[PDB]
Amino acid sequence: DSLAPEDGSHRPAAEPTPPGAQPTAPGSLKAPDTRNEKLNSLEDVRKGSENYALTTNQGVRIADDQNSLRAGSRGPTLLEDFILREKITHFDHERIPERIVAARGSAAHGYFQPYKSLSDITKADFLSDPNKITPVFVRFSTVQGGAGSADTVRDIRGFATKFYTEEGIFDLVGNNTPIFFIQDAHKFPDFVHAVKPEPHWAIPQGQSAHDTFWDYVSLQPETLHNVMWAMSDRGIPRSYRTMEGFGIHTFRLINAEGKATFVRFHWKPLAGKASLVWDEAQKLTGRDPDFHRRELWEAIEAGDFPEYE
Amino acid sequence: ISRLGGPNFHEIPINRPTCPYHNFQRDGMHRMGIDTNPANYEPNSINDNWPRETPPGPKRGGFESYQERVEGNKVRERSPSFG
Amino acid sequence: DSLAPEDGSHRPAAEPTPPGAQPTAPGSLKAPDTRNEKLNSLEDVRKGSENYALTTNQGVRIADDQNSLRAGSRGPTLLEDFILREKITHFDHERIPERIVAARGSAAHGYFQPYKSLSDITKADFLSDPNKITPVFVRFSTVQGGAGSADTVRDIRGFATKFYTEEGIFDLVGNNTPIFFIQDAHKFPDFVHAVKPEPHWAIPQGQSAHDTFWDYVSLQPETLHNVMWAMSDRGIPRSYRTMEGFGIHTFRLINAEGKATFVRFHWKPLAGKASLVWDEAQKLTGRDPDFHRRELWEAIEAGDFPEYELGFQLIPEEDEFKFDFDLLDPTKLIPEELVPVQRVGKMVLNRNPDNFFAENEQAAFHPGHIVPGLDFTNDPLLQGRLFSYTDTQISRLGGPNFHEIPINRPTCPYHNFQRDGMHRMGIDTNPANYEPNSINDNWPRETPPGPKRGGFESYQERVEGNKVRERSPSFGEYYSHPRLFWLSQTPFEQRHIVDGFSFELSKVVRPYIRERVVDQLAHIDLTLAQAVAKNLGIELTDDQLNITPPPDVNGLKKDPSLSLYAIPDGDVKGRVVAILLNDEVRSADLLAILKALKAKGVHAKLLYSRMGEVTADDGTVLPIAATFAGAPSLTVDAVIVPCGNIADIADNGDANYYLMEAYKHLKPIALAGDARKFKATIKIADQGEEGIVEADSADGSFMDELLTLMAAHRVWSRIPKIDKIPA
Amino acid sequence: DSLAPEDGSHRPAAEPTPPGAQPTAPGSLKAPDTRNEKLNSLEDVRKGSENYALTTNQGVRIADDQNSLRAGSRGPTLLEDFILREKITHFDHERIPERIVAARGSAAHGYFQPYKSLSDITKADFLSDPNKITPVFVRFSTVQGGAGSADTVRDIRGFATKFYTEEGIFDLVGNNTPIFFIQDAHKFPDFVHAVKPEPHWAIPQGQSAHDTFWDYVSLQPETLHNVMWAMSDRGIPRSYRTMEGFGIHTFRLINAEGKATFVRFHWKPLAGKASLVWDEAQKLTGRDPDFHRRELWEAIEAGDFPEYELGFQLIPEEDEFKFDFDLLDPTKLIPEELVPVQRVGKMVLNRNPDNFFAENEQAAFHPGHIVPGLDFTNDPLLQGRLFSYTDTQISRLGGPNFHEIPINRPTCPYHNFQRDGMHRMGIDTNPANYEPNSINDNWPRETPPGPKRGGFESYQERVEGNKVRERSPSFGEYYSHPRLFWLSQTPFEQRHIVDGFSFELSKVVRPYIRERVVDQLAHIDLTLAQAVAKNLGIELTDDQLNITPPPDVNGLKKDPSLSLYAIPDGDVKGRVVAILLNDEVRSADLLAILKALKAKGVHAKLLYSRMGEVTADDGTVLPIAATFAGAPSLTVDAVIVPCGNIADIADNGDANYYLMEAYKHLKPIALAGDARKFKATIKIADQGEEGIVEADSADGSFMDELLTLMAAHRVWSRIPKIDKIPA
Ligand code: HEM
Ligand code: HEM
Ligand code: HEM
C-alpha cells in the first residue's frame, strides 16, 4: 500500500549483479531478456501479481485477508467462511512426496548446442546441426538426504539434464562419478536402504557414515569402486559448477544407416574440477546447508553461467 | 481434494475462472500456475503488498459477508420450527 | 548363511545401556519388557524376521534376491520378473508427503498418570484417578525445516502428546513457548509462507534468518512476543528433555455439574530447563543434524526417561475479563505470578518406536481431538486449527481411514456408521450403515452426556454478535508481553536475545526491513532496541528514543518463571562428559572420575586422536569411543582432561581446539595435574578462574566442583572472556 | 432408541433359507459356522455394532448424531463441530477409483481341494495333497461397464480366483471364454478404448453395440474369434454359476524334477451351462440390473453353493509346434477333442462377504501372482498383463501396501526388506532393511528351489532372436477358430449368434463399418455372413460369396464342447419358478407343486396382483412374494399356473403378459386345471404343444414333466413360434 520503501530498495535490479549485491529473485523478473524456446512456452502458465486484486482461486476478490468470519469479533469462527477454508485447504495440501532418492536438488534452465553435426554416428535430431539449439532444464542433487537436508554432505551427486528436442524429450540422468555402487537394479532398494537413515530411528541424515551402509559395502565388494570415489574429495564438490558428470552406463548411438556405436556420456565442467576439504564441508552443512543451491542461483544471477561440455 | 487429486482442481481447464485470480496460495499436487510474485505472503513490502485486498463496494468490490445478528447458545439442536 | 560375527557383537543387549555403549535398536528389541496398553495392542502388526524365509508380499519365497531375470546372464531384463517389479515398485512408492509444518520431529512411547482425581473440575476420564494409567505417544519437533532438516536450528519446538484414554484419543498439540506468533488462523499460511524457504529458490532451510520472515514480522507487531522467545535461547533447546511445553490456547475443563473452567496446559521438564548457545547450536546443525533425535533415543535406551509434569493454569469463568489482556488471545501468556500452574500428573517416555516411519512418520495429532470433560474456546487461532489437521491428514495419510494406521488407533472402542474410504481396514458387520435404523436395533447408539462414559456435548457458551471478519479490539496490544518477557530474563539471556536479533537481521538483505524491525523493538524496550541497532550500524532517531514503554502486565514488571535460568533447576543425570585421553593416562584419575559421574548418572565418552585403545599407567586398557574431531565438544556438556603423558596430546591441534570450543560455549572444563598445561590455549590465569576446575589430581573434591558446575549448566560469568578466544 | 420390531423380524435367521425368504445379510451373521483359514484370519478386522456406543473414529462417544453444532438452534454451523466434520469428511472420501476394466463384479468366499496329488507334474503346494484345503476368494465380473452398470449385459465375463496357499497367493484371473480378443498386450488400451463408452459423450455403457468397437473389430481380424463367443449366448450367461471359466493363456507347470509341462486352465460349472436369450437379458438390465450379483448371493444364502471343477489341458514340451495354431496365441483355443481337460479339483463358494467395499471392491487379483510349481510362457498378451496389474493397483488402492488390505493378505508367512509406503500397517522390528546384512544375521533369508517349500526360480527357457517389435507369423491366422466355433453350435445357437451380430451392427451408425464386418464374416462362413447381411439389408458381392472358407482346425470340423447346449448338462437345483396365484388357489395343487420343487432344490416365488396374502380354498394363508410387475418373468426359469378362481386373474394384463414374456423367452410353462384358459393368451392349440405342461391338476406327472423341461433349460423348438407374437 505504502508498504514498499519509497526509494524502491525492495526490488532487485533486473540485471546481472554479483553475489550479495541485491536480494535474489524469480528468474523471469531478475532476467527478463533471457529466453529460449522452453522458457517462452512456459509463458502461458506464468502468473504475475503487481496491480492485481487478491482473490480466491474462483476469482472472488477478498475484502479482509486478516480475519476469519465469526459470530461477534470475539466469537466462534463460522463454517460458512469459505474464503478461510479455501486458503487453509490449499495451504494444508501443499506438499507432495519428495523424490525417493535425490530429494535434495537445485535446478536451472539453459541451452545446449552441438559443435558439429554428429549425423555420421547418430540420427538424434538435437545433435544434427551446430545451429540447432536445444533448451535444457538441469537439476543437480545429492542422493541420500531429504529435500530439507544439507548441500555439502559427503555423497554422490546427481546431474540430470532434460533436453527439449524437436523429436522428443531426452533426459540424460547422470552422476558426478563415472560408475555406480551396484551392478543389478534388483539390489537398488537394498543399497539405498543401507545408505539411507536406519529404519528404527531414522538417523543419520545425509551421511553414509553409519553401520548399515558399511555393513552392506563390506558384504558386497562390487560397491568398492564408487565407495573409493565417495571417500575421495569427489564426495564434496566445491560447487555444482566444479564437478564432472557421467551417464555411467554404456548406451548406444544409432545412425541413419542403422549402425550402432557404444557410447558413455560425459559432462566436462568448463570452470574446472574443484572440491572442498571434509572439515570445511561438514562445518558448512551447519553454517549454510543451502550453499550449493545458493552458489548456483547466484552465479546465474551474476552472469557467471555454469558451463559444461 | 481426493476426487481431483489435490488443491489445484481450479486449474483443471473446465474449472478455471475466466476472470482474474491472484493470491498467495502455492504448491500442491499438479500445480500448473508458475507464480513470479517475489512474495507468497501478505502483508508484504517486497512486492508492495500485491496482490491486494479490495474494500467491498457497489461494483468490483471484495467479498464482505452480510452482517447477520447471531444470538444463541452453542447447541446441537434442531429448531422447533422445523418440527 | 551366517554373516553375523560369531561373538554375537552385532546384537545390542536387551538391557538399559549408556549412550554409545551399544548399537541402538528398535524399541521392542531393546526393551521387550517395557509395556503399556498401547504398546501391547500394537503387537498384532509387529513383524519379526529372524528364522523366516525372504518372500514377496504375496508370501512367495525368493531363491535369488541378487539378480533380475534376464535372457542370458548378460541379456536384457525380462518383463515377467514379477519379483524384481514388486520390490522396485514398493521401493518407488515409499515416500509420503511430509507434514506441512513440523516435518522434522522425533517421537517416543510413554505413559501418563495423574497425581490425584480431578473430577471436581473435569469429567475427563483419564484425569479421574491417580491409578488410571494412560499410554501416550509423544512427537517433539521443529517447525520450518523439512523432515531431513537439522535438529538444533533456532526455531519454535512442537510438543505433541497423544493420550490413548478409555473415552477416546485426546491430543495435546503444543509448543515449547507459551504463546503463538499470530492471532487468527486465517493468517497461518501467510506467517508460515514467510518463515519457510522463499519460493523462488527454496532457501533458507530451517532458518527464520531471511527477508520474508522479518518483513512479515516488521508489518505484523502481534508476532513480536513469540519472536522474542525465538530469539532468546528458548529457540535452541539443549534437548527435548530440557524445554517447557505449552498448549498455548485457553481451553475449557467441564465437570459433571457442567461447570466450565478456563485452562491453559503446561508441561514442566523434570530434568529442568537448558538451552544451547547460538554458535554451538549452529555448528551442531553441521556436526550432528540428528542431535536431538539421537539424544532422545539414547536417553530412553539408557533409562534416563524424559519426564514431564502436566500443569494447569485454572481461571474461573467469571474471571474472563479480569486481566489487561484477552484470555482468548494466543499471543498473550498468563504470567505464572498471576495464575499459578497446578501440578496435575506426570508423563514418562520410556520406549522408542520399532519403525520410525510406521509409528513416527505416520502419527496424526489433532488439537480438536478432545474428550468429554474438555472443551474449546473462541480463540481465533485455535478455531481455525480445528479445521486444518482434519483436512491435511486426508492427503498426507492418503484417505479418511488414517485412524486405522496402528499408531493412531484408539485403544478404547470405536463404532459408528462411517464406511469405505481408501485402504479401509475395518470390515463392518453391521447390517446398517445409517441411523436411525431398526434393522440393527439402532446400534451403535447415541449416549447422553453424563458424569462418566457419556456422549460429548459442547458447553453451551452464549454467542452474541454479527457475522463479521474482525479482529477483537482487545487483541490489539502488541508490546507489553514482549516487554514482560525481556525484563524477566537474566542479563546474559538478554544479551543472547540481542545477539539473536542482530545475527538474524544481518542476513536480511533489504536494509529497510532491519530498520523497521528495530523500530518495533524501540516500542518494547529502549536498551534492547539500542543494542540491536548498534550491531546493525543503525542510529535510533530522537522520536524512537522517546517512545514510551508499554505498561506492565497487571502490575508485573518481570516474572522469573519466564527465564530459563533465573531460578536454578538443572539436573545432571543424562548429561555427558568428554574425557580427553592420552597414551599413558593416570588410571587413578580415571577411576575417580568415572565413579563420581556414574554416581550422578552422568555419562562419559572417552576420546583420543585415533580409534582403538590406549593403555593406562597400570596396564588398564581404555577403549576409545571417538576421536577429538569425531565427537566434538558441541556434543558434550563438560570436558575433563585427566593427568598422564600430556605431551602426547599437548601439541594436538584438535585436542587444544576441543578445549577452546568448549570454553567458548561456556561449558565446565576440568584439568588434572599436568593437564593444567592446557590453560595456555584458553588463556586462564595462574590463580585460576571460576568455571575451570583444576587440581593436582582428579580426586573427589575435583569431581564435586565439576559436577556442581554441570548442575548450573553453563559458566555465564565467562561470557565477557570468550571474546578474545580465537575459536 | 430401540427401533427394532418386538418380534425380532428385522433379523434374518442364521441358517440356509431360500431366495426371498429372509432379508439378506453380511456373511458372518448369516452363516457364522461356515469357516475357512482365510475367513478366520479376517476376524482381527471384523467389527461388530450391537450394544456398542456410537463414537467418532477417535473413540469419543457421540450424544447427538442428529444435529450440527450451531450458535442458537436456528444459527450458523460452527467450525468447532469436529464430530460433524469427521463424519462428513469420511463420507466425502468414501470412493476410490473403480477398476479400469471389470469394475462391475460380484464376489464370494469358498474353498478348493484337489482330487489327487499332482506332484508328478507340478510342485505347487496347493495341488500336492487331496486333504490340503485351500481357502479361495472369487470375483465374477463384466468388462466394459462401471461398477454401477448392469449385470446381464452382453459382454465377456471375468472369473478371478484368489487361492490363499501355504506357499503364497496364487491368483487365476480368467474369463468365461477360452480366448481373448487381441494378441499382444500393447493393443489392450486400443481394444479397451474401442469397446468402452466413446470419449466425446461417454455412451454407450455396458455395451459393444457402437461404432468404435466394430470399427476396431473390422480392422483387426484377430478379434473375430472372441467376437463370435460374445455374439453367441455365451455373452449373456444365466448366472455366474452356469458359465465356464478359462485362464486363456498357456502357462507352465513345473515339477520337482524341473520338468515343464504346458497347461491351460479350465473351470467347469457343476450346475451346467446356461444362458439367457438377448431380449430377456437386455430387458433384465432394466428390471433388475443386479440380477447376477443377487443370484450369486442368494444361492449362497440358500446353500446352493456355486461349485466348479478345476481342469487342466496338458501338453508336453515336445508337442509345442504340433498344432495348426501357436499355443502362445491367446486368440486360439485348444480344442478339447485334441487335448482333453483332465479333472483336477473342486471349488465350492460357500460364504458371502461381510462388507462389499472392504472385501469385494478392494480385492486385487493378478495373473503374475504365481507360486513355485507354476511359471509363465511367452504369450505376448500374458507378458504385458504381468506389468499392468501391479501398476494399476498402486493408484486404485492408494499405494504399494495393498497386500496389507485384509482381503488381499496372504494367510502364509511373508517377510522381506520392503518398507514404508502410504498406509503401512506392518511395523517391522528387523534391525536390517537391506540384504545382505550381518546385523540381523541375514534374516529373512533366501531359499533355494527344491521339491517343497523352496524359493521361486523361473524355468530356464531358451531365448533366441533379435530385439524386435514384431508379431510372430504363426499368429497371423484369424478365421479358422471363429469357423470351428460356429460349426460346433446348435442351429438355434447359430441363429442367436446371427441375431447378436445383427442387433449390434444395427447400432453402428456408420453403414460402411457394418459392411466391413460383414466382409470379415464372409471369410468365416457364408451362411453366417449371408444371414447377418440379410438382417442389415446388405447384399454380398460375388467375390464375397466365393471367399474360400478357412481350413479345419487340425482336422476338426466341429467340437461339441464349444456349444452351451449340444451336450446336455442341465441341473435344476437353485433354479426358480414363478407361481401365478389367484384368490382361491386349489391348495392341493399348491402342496403338490411346492413339494416337488423343494425335492429338487428348485425355488419358488408366489406372485399376485398385490402384496399381502391370499387364502386358498381350504383356508391356507398364502404369503405373496411380489406382484406380477414386481418380479417379472425375466427373473425366473419357468412359470406354473395352478387351478383356482382363474377369472380373478384372467383379465389381468400383467398376468397375461407374464406368460407372453416367459413364452417368448422359451421358458417352460405349466398350466393346471382352469389355468388352461391362459392357452389362448399364448396361442396354444387344444392338443397342447411341447414345452407347455397341462393337465386337470398339478398331480401325477405334471411336476415331473415340468421339471424335465427345466432340466433342458429352454424350449428351443418354440423359436419359430415366437417369431410372431407381440411381446
Ligand atoms: C547409474 C546409476 C544411477 C544414476 C546415475 C542415477 C541418477 C539419478 C538422479 C540424478 C536422480 C535425480 C533426478 C532429479 O534430479 O529429479 C535419480 C532419481 C531417481 N532414481 Fe536414479 N540413478 C541411478 C540408479 C537408479 C536405479 C538402479 C534405480 C531403480 C532401479 C533408480 C531409481 C530412481 C528413482 C525412483 C528416482 C526418483 C525419480 C523421481 O521421483 O522422479 N536410480 N537417479
Ligand atoms: C497455538 C498454535 C499452534 C500450535 C501450538 C501448533 C502445534 C503443532 C504441532 C506440535 C505440530 C506437529 C504435530 C506432530 O508432531 O505431528 C503441528 C502440525 C500442524 N499444524 Fe499446528 N500448531 C499451531 C498452529 C496451527 C494453525 C493455526 C494451523 C492451521 C490453521 C496449523 C496447522 C498445522 C498442520 C496442518 C500441521 C500438520 C499435521 C499433520 O500433517 O498431521 N497449526 N502444529
Ligand atoms: C487373457 C486375457 C485377460 C483376461 C482373462 C483378463 C481378466 C481380467 C479380470 C477377470 C479382471 C478383474 C479381476 C477382479 O475381478 O478384480 C481383470 C482386470 C484387469 N485387467 Fe485383465 N484380463 C486380460 C487381459 C488384460 C491385459 C492384456 C491387460 C493389460 C496389459 C489387462 C489389464 C487389467 C487391469 C489393469 C485390470 C484391473 C485390475 C485391478 O484394478 O485390480 N488385462 N482382467
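As the structure lists them, so they are numbered: ligands from 1, and atoms in each ligand from 1. Excluded from the calculations below are hydrogen atoms, water molecules and symmetry mates; all remaining heavy atoms, backbone and side chain alike, are included. Residue numbering restarts at 1 for every chain, and letters A, B, ... go by the order of the sequence lines.
- The neighbour count for D:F387 CZ, taken as heavy atoms of other residues, nucleotides or ligands under 6.0 Å away, does not exceed 12.
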Derivation of the side chain to side chain contact (heavy atoms under 4.5 Å, CB included) call for C:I96 and C:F357: CA-CA 10 Å; C:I96 67 168; C:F357 181 87; 4.0 Å; yes
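- Atoms of ligand 2 found under 4.0 Å from any heavy atom of C:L381 (numbered from 1 in listed order, with element): 1 (C), 2 (C), 27 (C).
- With a 4.0 Å cut-off on non-hydrogen atoms, D:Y389 touches ligand 3 through its side chain and not its backbone.
- Less than 4.0 angstrom separates some heavy atom of C:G174 from each of these atoms of ligand 2: 5 (C), 10 (C).
- For atom 32 (C) of ligand 1, the nearest protein heavy atom is under 4.0 Å away.
- In this structure, atom 13 (C) of ligand 1 lies nearest to the protein heavy atom A:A160 CB, 4.2 Å.
- If you number the atoms of ligand 2 from 1 as listed, the ones under 4.0 Å from a heavy atom of C:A102 come out as 11 (C), 12 (C).
- Relative orientation of the D:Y240 and D:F140 rings is parallel, given thresholds of 30° and 60° on the angle between their planes.
- Protein heavy atom nearest atom 30 (C) of ligand 2, with residue, atom name and distance: C:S388 CB, 3.7 Å.
- Within a 4.0 Å radius of atom 15 (O) of ligand 1, the protein contributes one or more non-hydrogen atoms.
- Within 6.0 Å of the CD1 atom in D:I100, the count of heavy atoms belonging to other residues, nucleotides or ligands does not exceed 12.
- When C:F188, C:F246, C:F365, A:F91 are ranked by how near their heavy atoms come to atom 25 (C) of ligand 2, first place goes to C:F188.
- Protein heavy atom closest to atom 7 (C) of ligand 3, with residue, atom name and distance, is D:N175 OD1, 3.5 Å.
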Check against side-chain hydrogen bond (donor to acceptor under 3.5 Å, both in side chains), A:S141 and A:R104: CA-CA 6 Å; A:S141 58; A:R104 179 59 187 186; over 6 Å; no
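- Taking the six-membered ring for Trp and thresholds of 30 and 60 degrees, D:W229 and D:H225 have ring planes more than 60 degrees apart, a perpendicular arrangement.
- Proximity of D:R396 to ligand 3, defined as any heavy-atom pair under 4.0 Å, is confined to the side chain (atoms from C-beta onward).
- Every atom of ligand 2 with a heavy atom of C:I248 under 4.0 Å away is listed here by number and element: 1 (C), 5 (C).
- In terms of N/O distances under 3.5 Å, ligand 1 is not approached by A:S141.
- Under a 4.0 Å criterion applied to the non-hydrogen atoms of A:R99, ligand 1 contributes the atoms 14 (C), 16 (O), 40 (O).
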Test log, rule side chain to side chain contact (heavy atoms under 4.5 Å, CB included), inputs D:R293 and D:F356: CA-CA 11 Å; D:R293 182 167 291 178; D:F356 186 96; 3.4 Å; yes
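- Per-residue contacts place C:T392 under 4.0 angstrom from the following atoms of ligand 2 (heavy atoms of the residue considered): 35 (C), 38 (C), 39 (C), 40 (O).
- The aromatic rings of C:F91 and A:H193 lie tilted to each other, with the angle between the two planes from 30° to 60°.
- At a threshold of 4.0 Å, the pair D:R99-D:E361 counts as salt-bridged, since one of the basic side-chain nitrogens sits closer than that to a carboxylate oxygen.
- Below 4.0 Å from some heavy atom of A:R139 lie the following atoms of ligand 1, by number and element: 14 (C), 15 (O), 16 (O).
- When the heavy atoms of D:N226, D:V192, D:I100, D:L397 are ranked by distance to atom 34 (C) of ligand 3, first place goes to D:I100.
- In this structure, atom 19 (C) of ligand 1 lies nearest to the protein heavy atom A:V101 CG2, 3.5 Å.
- Both the sub-6.0 Å distance and the 45° axial angle are satisfied by C:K162 relative to the ring of C:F365.
- By the criterion of a heavy-atom distance under 4.0 Å, both the backbone and the side chain of A:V173 are placed next to ligand 1.
- Between A:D190 and A:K187, at least one side-chain N (NZ, or NE/NH1/NH2) sits under 4.0 Å from a carboxylate O, which counts as a salt bridge.
- The side chain to side chain donor-acceptor pair (under 3.5 Å) search around D:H292 returns none, not counting sequence neighbours.
- Of the candidates A:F246, A:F251, A:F159, A:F265 forms a ring pair (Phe, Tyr, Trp, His ring centres under 6.0 Å) with just one, namely A:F251.
- Using a 4.0 Å threshold on non-hydrogen atoms, atom 22 (N) of ligand 1 does not count as touching the protein.
- Under 4.0 Å from ligand 2, the heavy atoms of A:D92 that appear belong solely to its side chain.
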Chi angles and distances behind the side chain to side chain contact (heavy atoms under 4.5 Å, CB included) call for C:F181, C:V195: CA-CA 11 Å; C:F181 289 99; C:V195 80; over 6 Å; no
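- With atom 6 (C) of ligand 2 as the reference point, the heavy atom nearest to it among C:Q362, C:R385, C:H366, C:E98 is part of C:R385.
- For atom 1 (C) of ligand 2, the closest non-hydrogen atom of the protein is C:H249 NE2, 3.3 Å.
- Under the 4.0 angstrom criterion, atom 42 (N) of ligand 1 counts as having a protein heavy-atom contact.
- Those atoms of ligand 2 with a heavy atom of C:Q393 less than 4.0 angstrom away are 39 (C), 41 (O).
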